[PDB]
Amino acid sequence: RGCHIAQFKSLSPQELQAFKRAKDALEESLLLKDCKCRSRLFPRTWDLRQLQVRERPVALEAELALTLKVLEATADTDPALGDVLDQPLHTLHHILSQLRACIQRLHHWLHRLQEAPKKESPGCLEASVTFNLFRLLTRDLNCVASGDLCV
């Protein structure tokens, strides 16, 4: 019952760093092929602040679920890269779990995130969630955790 979503507004130096190592390793694992994408999963032209407050949670969760799904596919396919994603992925689960435990126009975007693991290559998706990772944790997440004072 005692949820405290306002905790995710802040994140922390420890988490941030552990995520950076993940990103630094991922990007480093993306450089050796292959080609990427043919569409954009997370355009810098769109933003969670577009929807109404009550809808932003479901978008974030979806976003999370996808980026969680892909980084799991990667963690498996590359054991060495899995050692740097192990804890970050765990924290990523904790965030989403807490999200759905405390929540109780957005379908042109949602439906699109459905046509992703079936319309894009693994490398593409991996690059997508990787570049978007930091925006998810610090910006998008912060936005939802802040409710009515996120405009």
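All residue numbers are counted from 1 along the displayed sequence.
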Per the entry, how many deposited residues between residue 45 and residue 46 lack coordinates? The answer is none
Between 122-130 and 29-37, which has the larger average Cα B-factor in the PDB entry? 29-37
Among 102, 53, 60, 89, highest Cα B-factor in the entry goes to 102
Going by the CA temperature factor in the entry, name the top one among 110, 96, 85, 66. 110
